[PDB]
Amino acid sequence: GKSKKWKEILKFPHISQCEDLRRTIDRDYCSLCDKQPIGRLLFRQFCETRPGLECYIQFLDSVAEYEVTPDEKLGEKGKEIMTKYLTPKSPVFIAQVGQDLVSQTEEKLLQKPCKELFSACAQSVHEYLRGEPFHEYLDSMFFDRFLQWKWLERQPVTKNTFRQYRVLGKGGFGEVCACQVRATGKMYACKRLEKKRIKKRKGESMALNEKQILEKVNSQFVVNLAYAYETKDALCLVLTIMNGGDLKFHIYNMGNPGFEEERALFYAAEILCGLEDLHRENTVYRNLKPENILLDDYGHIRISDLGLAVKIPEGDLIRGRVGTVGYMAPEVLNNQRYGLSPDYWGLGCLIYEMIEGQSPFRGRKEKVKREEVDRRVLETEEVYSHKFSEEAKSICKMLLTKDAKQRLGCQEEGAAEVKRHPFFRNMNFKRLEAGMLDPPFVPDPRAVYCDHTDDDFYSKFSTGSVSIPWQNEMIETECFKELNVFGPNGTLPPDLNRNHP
């Protein structure tokens, strides 16, 4: 459902228009050839023109495949890779990996295989490519084409950039609509923030902080910000659309109430990966409750409503009695200086609630006052049923430790400590982070599961498209596949030749 003339909207600018970009973009290898999707694809395409470099890209692809390979199939896929890329006589032999290291990798194959057997060789390969091949790519037509894609990426976004549809959510400071990009046809969820209520409540810093946290998170298990733009009578936040409903609905309306332990394990693993991604940017969520975990069309989950999140300064603690009744950790109720620990408390509350079909401190069929719920959270120890395996009891108990200092995942090791827990013993996180494990519930497509100071504030909010989400949008809609064309037989196309603009 792309606009009639979408090819004219995303028409590449002549390379001569990107000179200012050329001398401004930081020529970082990991950014330009890995993190940025379109840059990664273009660098791989450059390597696909050189017999010498092709084999290294193929190798890294096969290593990526090996990491997610099932355990029983590791020794097989290992040998393959070996006898194909690392034997001296191979049409795809890679030499820049020291023969030394080849004879050291054979060893680890001669013993038990691990999912990290080729990490050494892959790092060697990246070191090779970070050098001469990268700098050649920089003086290549593929990097010019990357600059053209960057130019498009930075263009101003407006209301006309989008095509708003239906109001599919509501809230406090505004509402949540569904909006499509006319040029690409990709669907998103607009979060419309009414400028009036924001000026009144003086919530400038809160809306801004939410926008910054959303734009700086790049996770498969949290809602991503794609665009932040302004209009008349509102500001907008364009985020991941989630049409599969929320976890509260599936626990209570579609549940027993509750789930089988294994289904809850899938969801808990995905939520833990989301929290890990948030903790990499030392950001604390503090709003972990089942209605804020959303499902997508494929059955996977993402954390939503970051309006309560806070970027914690490293080495510093914050204070704030915020959240939802019944999902506030003890240190939060006591209004103490805390760190990321509230979130792990939340995680516990969710696993419990997923398995048992009720909160650990309030019965589903119970009617109590906020004060008694809080007293239970601070003094009462929760009880477990036969719906919990011993491992599940364990992880819930450790996450529901009242002393944030002794709570699982609140050490310097972080979420890793939780991923190792016996509760997750049958969970391959490499395959989950790669999207390779089938979700336990797949929603049906057709389903429906429900002044001048202000000017300066807007300037810092309405920053336009976000880089990684924009490029991923371009790829998913096949805009990139369609426009990324060159000259017949590996030659310069007109938009990249400086001779005849």
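So that there is no doubt, residue numbering starts at 1 and follows the sequence shown.
A chain break between residue 450 and residue 451 is present, corresponding to 10 or more residues of the deposited sequence without coordinates. Relative to one another, 386-394 and 367-375 have unequal mean CA B-factors, and 367-375 is the one with the higher figure. Averaged over CA atoms, B-factors in the entry run higher in 487-495 than in the other of 487-495 and 15-23.
Within the group 111, 220, 428, 324, the record's highest C-alpha temperature factor is found at 111. The entry assigns its greatest Cα B factor, within the set 380, 283, 253, 105, to 105.
Sort the modelled residues of the chain by CA B factor and residue 339 lands in the middle third.
Annotation for residue 68: CA B-factor lies in the highest third of the chain's modelled residues.
For residue 30, the recorded CA B-factor ranks within the middle third of the chain. Only modelled residues enter the ranking. In the PDB entry, residue 187 places in the middle third of its chain by CA B-factor. The deposited CA B-factor of residue 258 belongs to the lowest third of values across its chain.
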